[PDB]
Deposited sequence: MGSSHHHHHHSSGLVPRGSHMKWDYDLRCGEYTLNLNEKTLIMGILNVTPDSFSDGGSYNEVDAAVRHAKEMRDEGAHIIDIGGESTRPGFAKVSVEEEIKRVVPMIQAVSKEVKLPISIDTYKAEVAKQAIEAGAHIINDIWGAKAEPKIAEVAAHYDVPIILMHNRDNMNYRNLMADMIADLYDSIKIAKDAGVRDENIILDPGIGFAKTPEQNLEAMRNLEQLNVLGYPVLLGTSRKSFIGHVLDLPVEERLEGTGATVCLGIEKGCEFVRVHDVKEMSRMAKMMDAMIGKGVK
């Protein structure tokens, strides 16, 4: 299906052999600290190592200014990248934060605003030649046709990315579940996820422990592993290449079993 590999500098990711697991890193910051403290960064590193040991293929790291956001995240990327042999993505929508994070050692950019909040981030991406995840987002829930609108919206991000020099192969899409969508809309997007495929890019799903799962099951954030699991399984069936998750152990197993079944 994919005639290319996601090239991530020193690491290469194969889009065909298995669903790729993106682990979500704890960023619990130290009070008293601007960033880089031993407690912050060591807690971070230990979590990255755990996620690595549990089957994570990527480590995702990401109010508050840009000056600060950098002081916070840069020390973490520097440490995790040295100590965890695994590609790193920076979870930011800010061009300068993305620039700093890549200089620090991040391999992938992860923009929850699909390059629309700071189009210059697409230029950063083009320049450094790193994959960029463009997630579906908007400031309203005023759709006329959820999926058609989503696809139009995502496609507007593809345009910004390609206009900036981003190679097709460095583009990944994200339905932006839990964003700018009612609970019912999130379920509808899940139900029709396979439609994103016609756009011709790898798809990352990010549903981990989200509010719509709590809304279906009526369970708090810490009781959402089974709901996340369902969404991950459905997502894999519908052709997604990555899943962004907190529970790396559990979701790796479900993903692996799904992979085996869908052949």
Let me make sure I understand the coverage. Which parts of the deposited sequence, in order from the N-terminal end, have no C-alpha coordinates here? 1-21, 84-92, 294-297
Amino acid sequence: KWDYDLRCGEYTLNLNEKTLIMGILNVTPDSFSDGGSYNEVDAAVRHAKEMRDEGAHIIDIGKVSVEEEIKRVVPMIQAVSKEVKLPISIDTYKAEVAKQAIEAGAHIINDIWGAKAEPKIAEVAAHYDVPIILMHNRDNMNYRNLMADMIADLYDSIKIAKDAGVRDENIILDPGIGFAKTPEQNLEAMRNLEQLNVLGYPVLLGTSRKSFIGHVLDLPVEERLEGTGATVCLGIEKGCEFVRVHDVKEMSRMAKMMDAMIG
From here on, numbers count along this sequence of modelled residues.
Is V64 a gap in at least one third of the other compared entries? yes
Does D34 go missing in at least one third of the other entries compared here? yes
With respect to the recorded C-alpha B factors, which stretch has the higher mean value, 186-194 or 70-78? 70-78
195-203 set against 30-38, stretch whose average Cα temperature factor tops the other in the entry: 30-38
From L173, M147, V97, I177, pick the one with the largest CA B-factor in the entry? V97
Just to confirm, going by the entry's C-alpha B-factors, which of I58, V64, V232, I213 comes out highest? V64
Would you please rank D218 by its C-alpha temperature factor against the other modelled residues of its chain and give the third it falls in: lowest, middle or highest? highest
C8 - which third its CA temperature factor falls in, relative to the rest of the chain: highest
Within-chain third of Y143 by Cα B-factor, per the entry: highest
In terms of its chain's C-alpha B-factors, the third that includes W113 is the middle
Please rank the C-alpha B-factors of the chain's modelled residues and tell me whether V245 sits in the lowest, middle or highest third. lowest
